[PDB]
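**Student:** just the first chains of my complex for now:
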Amino acid sequence: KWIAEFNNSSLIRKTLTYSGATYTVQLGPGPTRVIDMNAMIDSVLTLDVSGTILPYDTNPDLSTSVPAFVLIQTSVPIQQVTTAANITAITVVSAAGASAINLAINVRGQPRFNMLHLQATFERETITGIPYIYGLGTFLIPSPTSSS
């Protein structure tokens, strides 16, 4: 009910994330999950990330990439969301210091990311419905990521 997915085929790759800073959210084949928090009581989205970092393919954007939560705030139902235009709001909620450091147990080749505690105060009153409430999970960067 409260957690579905976006469907393969669309591709919303380059989105500005910060002040003149860019991340490829890269929206296509099973992009994490779409957390459907459209008037789903009142909760605190306690995101507990550890293990998972999986460094960018082969980008020197290894530094500056964080485990984040982004809520999506649009009157355009997810299956309609094909270009940037659609989004209304992509709000990066859950990252804290949104750069990066190699918190991953990297010494031995491992890409184990240190245990993070993320919080998104899901209070439906904050929005009160209407631009129906979504959220995603991602290694979000300022430092621009190579979509190709």
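**Tutor:** Here it is on my side, so go on. Residues are numbered from 1 along each chain as shown, chains lettered A, B, ... in the order given.
**Student:** surely residue A:95 is in contact with residue A:69?
**Tutor:** Yes - counting by CB atoms under 8 Å, residue A:95 sits close enough to residue A:69 to count as a contact (7.2 Å). Using the backbone N, CA and C atoms, a C-beta is placed for each residue, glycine as well.
**Student:** who's more crowded, these two?
**Tutor:** residue A:69 (22 against 18; other CB atoms under 10 Å).
**Student:** in which helix or strand does the more buried one reside?
**Tutor:** strand A:66-73 (DSSP states H and E).
**Student:** what's the helix or strand following that strand packed up against?
**Tutor:** Toward the C-terminal end, the helix or strand that comes next after strand A:66-73 (DSSP H and E) is strand A:90-94. For strand A:90-94, the contact count by 3 or more CB pairs under 8 Å, 6 or more residues apart in numbering; DSSP states H and E identifies strand A:66-73, strand A:112-120 as packing neighbours.
**Student:** mind giving me CSV with the ones you listed and columns for distance to residue A:16?
**Tutor:** Output for the helices and strands packed on strand A:90-94, formatted as CSV (distance: least, CB to CB, whole Å):
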stretch, distance to residue A:16
strand A:66-73, 13
strand A:112-120, 21
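**Student:** point out the most buried one among those strands.
**Tutor:** strand A:66-73 (a mean of 22; mean count of other CB atoms under 10 Å).
**Student:** now that one: how far from the chain's centre is it?
**Tutor:** 4 Å (CA atoms, centre = their mean, to the nearest Å).
**Student:** between strand A:90-94 and that strand, find me the angle.
**Tutor:** Comparing the axes of strand A:66-73 and strand A:90-94 via axes from the mean of the first three to the mean of the last three CA atoms, to 10 degrees yields an angle of 130 degrees.
**Student:** can you list the strands that strand A:66-73 pairs with?
**Tutor:** On the basis of DSSP bridges, the sheet neighbours of strand A:66-73 come out as strand A:90-94 (antiparallel), strand A:133-140 (antiparallel).
**Student:** here's chain B, add it to the model above:
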Amino acid sequence: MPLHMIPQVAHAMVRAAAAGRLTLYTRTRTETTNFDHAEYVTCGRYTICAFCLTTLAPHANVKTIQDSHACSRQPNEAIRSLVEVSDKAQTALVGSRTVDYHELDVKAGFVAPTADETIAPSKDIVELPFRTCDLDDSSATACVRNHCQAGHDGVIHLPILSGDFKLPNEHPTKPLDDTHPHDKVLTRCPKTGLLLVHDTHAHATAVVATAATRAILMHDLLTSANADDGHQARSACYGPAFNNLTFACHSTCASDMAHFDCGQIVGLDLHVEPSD
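**Tutor:** With chain B now in place:
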């Protein structure tokens, strides 16, 4: 959000300061440019409030003390701004030191020698907010400017061909051989992908690290009444503050290491292929 683990989150704050990008936002106005105590500095969701040194809300309606909270982090403000500055535009490259230990021979096959202790045409500067200093080009030009025709290194500078071999391939940052006093804008490696610049205001060690973290003392005092040990631990903990931190010597380590290990072993770095 009342602040917790105060000295640490303070730590983090200041780390944002130290790497220029710190969200220093008082109510309506985006940067605490003038000394009007900020309200929202995003420390990974923790909205820091200069008003109280603490977070979200001010300590009182006593805009004098509240600004004083602000004033307390005069070190933080100044560092932040300053690092932004240096990593965008700063003390110009007035002449370059080692005469000329490099060459660009664009003559079908690109004969581009790098020898020992080169010199510095490169300025880089710009784009500290998560971009490649000179446009999107930093990346590519540094290829040439380390391995091929290294437009960085020199006298007390970059310990490449003894140690940190090829900065096309290897992580760290590249010092600017400049006659003009210490305008050392340390261009990141091509492999690092995102090529920022860090001007070493005092050139050998990490220097800022103590200096910056030390401003959490001022934090800790007017937030949590008095700064509990802090620096006693911070002094060792963080990379050494030596000298002023305005484009000056420091010498020392970069004087020994980088000066020789620029070349030292292999001494040489070359490119011959049409690219450069």
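**Student:** mind redoing what packs on strand A:90-94 now chain B's in there?
**Tutor:** Strand A:90-94 is packed against strand A:66-73, strand A:112-120, with contacts defined by 3 or more CB pairs under 8 Å, 6 or more residues apart in numbering or on different chains; DSSP states H and E.
**Student:** could those be laid out in CSV, adding distance to chain B?
**Tutor:** Listed next are these as CSV, based on distance: least, CB to the nearest CB, whole Å:
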stretch, distance to chain B
strand A:66-73, 9
strand A:112-120, 7
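**Student:** helix, strand, or coil at residue A:107?
**Tutor:** Reducing the assignment to helix, strand or coil with DSSP: H, G, I helix; E, B strand; the rest coil, the entry for residue A:107 is helix.
**Student:** how deep is it tucked in, by neighbour count?
**Tutor:** Using other CB atoms under 10 Å in any protein chain shown as the criterion, residue A:107 is surrounded by 7 other residues.
**Student:** can you check residue B:142 too?
**Tutor:** Neighbour count for residue B:142, taken as other CB under 10 Å: 29.
**Student:** any idea which helix or strand comes after the host helix or strand of it?
**Tutor:** Per DSSP H and E, residue B:142 falls inside helix B:138-143. Elements were assigned by DSSP H and E; along the chain past helix B:138-143, the next helix or strand is strand B:173-174.
**Student:** helices or strands next to that next one in the packing?
**Tutor:** strand B:185-188.
**Student:** can you name the element that comes right after the strand it packs on?
**Tutor:** On the C-terminal side of strand B:185-188, the nearest following helix or strand under DSSP H and E is strand B:197-199.
**Student:** just the buried residues of whichever helix or strand comes after that next one, please?
**Tutor:** Once the chain leaves strand B:197-199, the next helix or strand it forms, by DSSP H and E, is helix B:208-213. Of the residues in helix B:208-213, those buried by neighbour count under the rule 16 or more other CB atoms under 10 Å in any protein chain shown are B:208-213.
**Student:** give me the angle between the strand holding residue A:69 and strand A:112-120.
**Tutor:** 30 degrees.
**Student:** just give the nearest non-adjacent residue to the residue most central in space within chain B, would you?
**Tutor:** Most central residue of chain B, judged by C-alpha distance to the mean C-alpha position with CA atoms, centre = their mean, is residue B:198 at 3.1 Å. Here the nearest residue to residue B:198 in space, its sequence neighbours aside, is residue B:186; by CB to CB, 6 or more residues apart in numbering or on different chains that works out to 4.6 Å.
**Student:** include chain C as well:
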Amino acid sequence: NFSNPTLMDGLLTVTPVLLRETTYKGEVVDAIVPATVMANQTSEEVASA
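**Tutor:** Following on from the chains above, chain C is added here:
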């Protein structure tokens, strides 16, 4: 060859055998003081403890 220091990453199940004398935040004390524990613990700290 094996440049990695080491990556032996699993579980570490502390068995606190000595039910004698419970620790207040690293401080091996004969004391349990609830009211002062208040606001001196992050989620991380609790979990870690």
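**Student:** once more on the neighbour count of residue A:107, with chain C this time?
**Tutor:** Neighbouring residues of residue A:107 were enumerated by other CB under 10 Å; the total is 12.
**Student:** what about the nearest residue to it once chain neighbours are set aside, which SS state?
**Tutor:** Sequence neighbours aside, residue C:5 is the residue nearest to residue A:107 in space, at 4.4 Å (criterion: CB to CB, 6+ apart). Using three-state DSSP, the structure places residue C:5 in coil.
**Student:** residue C:5: neighbouring residues, count only.
**Tutor:** If you count neighbours by other CB under 10 Å, residue C:5 ends up with 9.
**Student:** one step back: what's the spacing between the helix holding residue B:142 and its chain's center?
**Tutor:** 19 Å.
**Student:** cool, and stretch B:14-32?
**Tutor:** The chain centre lies 16 Å from the centre of stretch B:14-32; the measure is CA atoms, centre = their mean.
**Student:** just stretch B:213-228 next, same as before
**Tutor:** Its chain's average C-alpha position is 24 Å from that of stretch B:213-228, according to CA atoms, centre = their mean.
**Student:** do stretch B:123-136 as well
**Tutor:** Shown here is stretch B:123-136, whose average C-alpha point lies 12 Å from the average C-alpha point of the whole chain (CA atoms, centre = their mean).
**Student:** one more: stretch A:84-100?
**Tutor:** 7 Å.
**Student:** which residues does the residue located most distally from the centre of chain A contact?
**Tutor:** Relative to the centre of chain A, and counting by CA atoms, centre = their mean, the farthest-placed residue is residue A:108 at 27.6 Å. Taking CB atoms under 8 Å, 6 or more residues apart in numbering or on different chains as the contact definition, residue A:108 lies against C:4-7.
**Student:** which pair in those spans the largest distance?
**Tutor:** Using CB to CB, those reach their maximum pairwise distance at C:5 and C:7, which is 7.8 Å.
**Student:** overlap of the contact sets of those two?
**Tutor:** When contacts are counted by CB under 8 Å, 6+ apart, the set common to residue C:5 and residue C:7 consists of A:107-108.
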